[PDB]
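Visitor: Show me the folded form of this:
(6 chains)
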Amino acid sequence: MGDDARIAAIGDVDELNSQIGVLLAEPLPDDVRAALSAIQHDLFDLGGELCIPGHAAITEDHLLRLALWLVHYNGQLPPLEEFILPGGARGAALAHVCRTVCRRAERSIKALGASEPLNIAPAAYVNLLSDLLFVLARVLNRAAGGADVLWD
Amino acid sequence: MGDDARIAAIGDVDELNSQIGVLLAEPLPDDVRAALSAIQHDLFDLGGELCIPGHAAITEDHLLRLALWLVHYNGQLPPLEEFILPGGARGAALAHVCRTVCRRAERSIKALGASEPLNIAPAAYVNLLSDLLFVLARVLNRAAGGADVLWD
Amino acid sequence: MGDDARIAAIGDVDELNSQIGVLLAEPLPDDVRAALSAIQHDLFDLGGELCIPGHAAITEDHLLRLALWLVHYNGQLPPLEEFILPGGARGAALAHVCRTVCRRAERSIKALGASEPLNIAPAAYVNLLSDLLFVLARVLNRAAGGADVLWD
Amino acid sequence: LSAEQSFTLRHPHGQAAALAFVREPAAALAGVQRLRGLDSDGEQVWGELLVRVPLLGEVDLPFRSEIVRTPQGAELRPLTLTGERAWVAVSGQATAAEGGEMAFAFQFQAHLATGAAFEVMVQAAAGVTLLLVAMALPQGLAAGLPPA
Amino acid sequence: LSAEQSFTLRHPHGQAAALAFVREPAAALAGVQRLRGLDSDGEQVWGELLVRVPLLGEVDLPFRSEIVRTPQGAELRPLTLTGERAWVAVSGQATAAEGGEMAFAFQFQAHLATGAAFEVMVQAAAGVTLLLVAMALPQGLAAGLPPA
Amino acid sequence: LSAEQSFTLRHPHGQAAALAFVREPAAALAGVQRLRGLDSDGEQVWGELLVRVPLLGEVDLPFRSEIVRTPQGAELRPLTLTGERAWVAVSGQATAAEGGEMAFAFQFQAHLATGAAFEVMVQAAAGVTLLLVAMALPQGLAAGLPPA
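Guide: Numbers count the residues shown, from 1 in each chain, chains lettered A, B, ... in the order given. Now the structure:
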């Protein structure tokens, strides 16, 4: 029960972290690269918290940093004019894949918290991360001299 | 219950759409690019149908277009001589990844329809899409001057 | 029941095999390429075993070959000095993604074996494969003239 | 500067009890975290959320909401506070159905008082505060429920 | 993050009255501005200073000080508060002499909780808060004095 | 030269039965595969794992472990065997909890006796042996359980 709920959440966080590793193999703005690399460390710690009982690693400071990046990068982009389709420059497309895998991990983390006592920080972290990856995708399309893919 | 069944299906369609975005970042035959881009819009609408109750978006016209692309691209390829292994040119390999993620989304859509009233169009759409992505992979290997990877 | 347990395991093995196809589209050491290509055939056979009742395909010989590759590549790398973060050269990053998808397939295979009679070879195969993909990631970072990404 | 949360929970004692539970704040919010200084006179509910920023530390943003009794449960409807300092609007709706099935929806809005680099620290911090309280609500509401 | 103020004032009713005035906070601080929520139990005095920053608006920093009765008057000696949020240490010394001549000295220290651009807004704001209260003290202390 | 496995299983007959099951090897290991010649006198358990190499074929590596009864279940603690031939240390811990929930953890270590190219065949083969037995344990332990 818990192993499936717990082992699955750990695996999805791992998968997400690996997808971010693929994104990091692409050319990126120095600031974006710094944020993503730091996030990888956060995810490593997050996985450890999900695994070990009585052990916590994600704090308000982690959440605050994500909130800061969201405000920052968003204030560096023009307002959203229409629904966006995942895609664009390769970097942006990968960021969107990371976004969807992060949401997948969030679902597993939420499921885990429903069957076992878990702090709220982990789900709050990936909730913010999904939003940030969406924002970073837009930043990467921008940085590539291109634009977001719009829908009908 | 429904949220897990429904939220999960929506997420997998989103993940699939994102993987297609990655494929679209690769060099492609103009016709293939046009089909894939249109499919992204279809998937956006499909996700909306899965999400909103009483709302439908996928019609026979969508299915017919997929059927048309299948017949078209298949009649543009030589007959299958043996089981194929996913791989080849990078484009073809990515198409195969899209194929498997599409099948994953189909499983989630089928699960959703089992616990909630849902039109048949969504699963029929991704059923066809999985087959089309397989075909497009072969087209991309062909277009790359290469050939499909065969098994023992 | 079995279809979900069985169809899901087959799909994850397929997804893993497809991710390996993406890795094979990258530049690789000839030896690494040979191992990965052979593994694709193994995974095709593995999927067939999971699908057909009364049919087996994975043997001790398959496990032995993986054990051999693990010993080989590991004795070709320096000892692990610290926890590694998935990433580095693009090839290494993709290998890590393959690693996590392989672990995902292992979870599904384990679930399947819990609800239906299944030989132990399939799970033992992917258990070893996950470890090998981790090792190959390190080999690829090495071959790229780079190093593994370390954590705090 | 907004956060939303919605969820369902079953009251172990059935419908009448679920109606009573959602209609009395002291019951429904007994185990709710991240709402400091929570109090009520039966007519309104009030308290504060904490936004942590550097150097100032924990900055308290008050809220005050009207309790509205409805046929299937109750709502909180936010009152407007002054612009002299940042505040929060806390809204919520709750229904109790057959068998004690309860549905909740909560909405939070931070209202800032009216330099560019600094605004970034305050917006991010306030956003984190809103999400922390919103994300913990299901846990908090569940903590107020007694055993069958 | 510090502010100081010193000054002299004559109590119109002479020495005994000046001693009594400086030894009772409710008398000495009756007309003092910029110390919100001022209160005392005779042993300690407490309240808060307001630091105004954008978006959060007025952020209250508490202080609490021990009242110490001395041979020529009284002092306030600050108590340490927690690091969870910014606070203030309020110190003061007062003497009453022949003829009702009173001398006062007050010291304030803001203690911040432990991004570079933002720190600049908080330090500047807290500095302004400390100076405003310090600079107004003579006026405030004088407002508490009765006529001859 | 090490392999580890951990997993949980529910005993259909509840706690007392789960305790009895984990404390008696002949019960717990009845359906366990890849442990050839398994036997016990109630005090210790012993058997052999098979390492397959070319030309020699199946080479048997013995193990022998002490059975230790604990308050929540039982353990196997490995005994040291001679260095004349390769052997295996088999360790395990099992607990039974409320409702018959059982937790297992097993650890295996191959101890080799003390040419470079050949060492590669033996290490790889022994590694495969350890993993095969470890990976099949959940299946084996589950096969020993009766129906409700």
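Visitor: Tell me, how many residues neighbour residue D:12?
Guide: 12 (other CB atoms under 10 Å in any protein chain shown). The way it works is simple: take the backbone N, C-alpha and C, and place the C-beta from them, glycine included.
Visitor: doesn't residue D:145 make contact with it?
Guide: Yes - look at residue D:12 against residue D:145 with CB atoms under 8 Å: they come within range, at 6.5 Å.
Visitor: name the element residue A:10 belongs to?
Guide: Under the criterion of DSSP states H and E, residue A:10 resides in helix A:2-23.
Visitor: roughly how far out does that helix sit from the chain middle?
Guide: Mean C-alpha position of helix A:2-23 versus that of the full chain (CA atoms, centre = their mean, to the nearest Å) differs by 12 Å.
Visitor: That one close to chain F?
Guide: Yes - Helix A:2-23 lies within reach of chain F by CB under 8 Å from any CB of the partner chain, at A:2-3.
Visitor: right, and the helix or strand after that helix?
Guide: Next helix or strand after helix A:2-23 toward the C-terminus (DSSP H and E): helix A:30-51.
Visitor: CA atoms only: put that following helix into CSV for me.
Guide: Output in CSV follows, covering the C-alpha atoms of helix A:30-51 (Å, rounded to 0.1, in the frame of the first residue of the first chain):
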residue,chain,number,x,y,z
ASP,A,30,22.5,31.5,-17.8
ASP,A,31,19.8,32.5,-15.2
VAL,A,32,17.4,29.8,-16.4
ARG,A,33,20.2,27.2,-16.2
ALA,A,34,21.0,28.3,-12.6
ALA,A,35,17.4,27.9,-11.5
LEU,A,36,16.9,24.5,-13.1
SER,A,37,20.2,23.2,-11.6
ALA,A,38,19.1,24.3,-8.1
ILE,A,39,15.7,22.7,-8.6
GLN,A,40,17.4,19.4,-9.4
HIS,A,41,19.0,19.5,-5.9
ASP,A,42,15.6,20.4,-4.4
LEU,A,43,14.0,17.4,-6.2
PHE,A,44,16.7,15.1,-4.9
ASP,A,45,16.0,16.3,-1.3
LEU,A,46,12.2,16.1,-2.0
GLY,A,47,12.5,12.5,-3.0
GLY,A,48,14.5,11.8,0.2
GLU,A,49,11.7,13.3,2.3
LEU,A,50,9.1,11.2,0.6
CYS,A,51,11.2,8.1,1.3
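Visitor: Does the helix or strand that that helix is followed by reach chain C?
Guide: Later in the chain than helix A:30-51, the nearest helix or strand by DSSP H and E is helix A:60-74. No - Helix A:60-74 lies out of reach of chain C by CB under 8 Å from any CB, never closer than 12.7 Å.
Visitor: Now do the buried residues in helix A:60-74.
Guide: A:60, A:62-74 (16 or more other CB atoms under 10 Å in any protein chain shown).
Visitor: Now chain A against chain B: closest residue?
Guide: Closest residue of chain A to chain B, CB to the nearest CB: residue A:87 (3.0 Å).
Visitor: Leaving aside the residues adjacent along the chain, what's closest to that residue?
Guide: Using CB to CB, 6 or more residues apart in numbering or on different chains and skipping residues adjacent in sequence, the residue nearest residue A:87 is residue B:21, 3.0 Å away.
Visitor: Please dump the buried residues of helix A:60-74 into TSV; it should also carry distance to chain B for every row.
Guide: Listed next are the buried residues of helix A:60-74 as TSV, based on distance: CB to the nearest CB, whole Å:
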residue	distance to chain B
A:60	27
A:62	24
A:63	22
A:64	27
A:65	25
A:66	20
A:67	23
A:68	26
A:69	21
A:70	20
A:71	25
A:72	24
A:73	19
A:74	20
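Visitor: and of those, the nearest to chain C?
Guide: residue A:62 (12.7 Å).
Visitor: So residue D:123: helix, strand or coil?
Guide: helix (DSSP: H, G, I helix; E, B strand; the rest coil).
Visitor: can you tell me which residues contact it?
Guide: Listed by CB atoms under 8 Å, 6 or more residues apart in numbering or on different chains, the contact partners of residue D:123 are A:67, A:71, D:1, D:112, E:55.
Visitor: Relative to residue B:8, how far out is the closest residue to residue A:8 other than its chain neighbours?
Guide: Once flanking residues are discounted, residue A:8 sits nearest to residue A:108: 5.1 Å by CB to CB, 6+ apart. Residue A:108 sits 10 Å away from residue B:8, going by CB to CB, to the nearest Å.
Visitor: Now do the shared contacts for those two.
Guide: Counting by CB under 8 Å, 6+ apart, nothing touches both residue A:108 and residue B:8.
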